[PDB]
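> Below you'll find the structure I mean.
Backbone-built Cβ (ideal geometry, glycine too); neighbour counts: all protein chains shown. Please treat every number below as a calculation from the coordinates, not as lab data.
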There are 2 protein chains.
Amino acid sequence: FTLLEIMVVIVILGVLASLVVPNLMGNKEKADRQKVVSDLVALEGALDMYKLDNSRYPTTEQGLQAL
Amino acid sequence: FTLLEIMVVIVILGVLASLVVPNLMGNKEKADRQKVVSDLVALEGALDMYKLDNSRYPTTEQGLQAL
């Protein structure tokens, strides 16, 4: 109640917490790439639409907000 | 001081120690399972990551140390 209730658990605690290694850190950073690479085709491909109707692309100061 | 100080306590000792049954032994053995079962998904799931980048899994002699 004081020893068995504790000492047995102290082991179970560390035995549990020791061999529980879920994963790494930084996988999201790899995801940031495709998130931007996905934009690349989506950006140029979307701009091409505007390059069709107005037959041209927006100006720098005009920015992508024109899209 | 010799009898009341003792005899009354001898009873209280056994009366106390008798009806104090905290728990069993072997509960940790049950915990060993989930500790390993937790690894199972964690092992294969972690290996799958390596199966993604290198498009395959490590060799036996290569062992999990490759992960």
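> Using a 7 Å offset from the Cα along the Cα-to-Cβ direction at both A:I6 and B:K35, what is the distance between the two label points in nm, to one decimal?
Calculated label separation equals 2.1 nm.
> A further question on this structure: Per residue of B:30-41, how many C-beta atoms from partner chains lie within 10 Å of its own C-beta, taken as a mean?
Details: counts 1, 5, 4, 0, 2, 6, 1, 0, 5, 3, 0, 1.
For this peptide, the per-residue mean of nearby foreign Cβ atoms is 2.
> Between 0 and 90 degrees, rounded to the nearest ten: what's the tilt of helix B:27-53 against the longest Cα principal axis of chain B?
Once rounded, the angle reads 20 degrees.
> Sticking with this one: Let me check I've understood the local charge: for A:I12, count other residues with C-beta under 14 angstrom from its C-beta, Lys and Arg +1, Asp and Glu -1. What total comes out?
Within the 14 Å Cβ shell, the charges total +1.
> Take every residue in peptide A:16-22, count the Cβ atoms of other chains within 10 Å of its Cβ, and give the average of those counts.
On the way: counts 6, 0, 1, 6, 5, 4, 5.
Partner Cβ neighbours, averaged per residue: 4.
> For label points placed 7 Å from Cα toward Cβ, what is the shortest-first list of nm distances from A:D39 to its copies?
Counterpart label points of A:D39 in the remaining copies fall at 4.3 nm.
> Rounding to the nearest 20 debye, state how big the charge dipole of chain B is about its Cα centre with +1 on each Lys and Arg Cβ and -1 on each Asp and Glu Cβ.
Rounded to the nearest 20 debye, it is 120 debye.
> Now, a different point. Which residue, chosen from B:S55, B:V37, B:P22, occupies the Cα position most advanced towards the positive end of the dipole of the stretch B:19-67, where the dipole is computed from +1 (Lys, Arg) and -1 (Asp, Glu) charges on Cβ about the Cα centre?
My answer, from the dipole projection, is B:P22.
> Continuing with this model, one more query. Per residue of chain A, what 222 nm ellipticity follows from adding -39500 (n - 2.57) for every DSSP H run with n ≥ 4, rounded to the nearest 500?
That calculation yields -21500 deg cm²/dmol at 222 nm.
> Let me ask something else. Which peptide among A:47-53, A:22-28 comes first, and what is the full order, when sorted by highest mean count of other Cβ atoms within 10 Å?
Result, highest mean first: A:47-53, A:22-28.
> How big is the charge dipole of the protein assembly as shown about its Cα centre, in debye rounded to the nearest 20, if each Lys and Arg gets +1 on its Cβ and each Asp and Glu gets -1 on its Cβ? Before the final figure, lay out the partial values.
Numbers: 12 positive and 16 negative charges, 29 e Å.
Using Cβ point charges on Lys, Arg, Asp and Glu, the protein assembly as shown gives about 140 debye.
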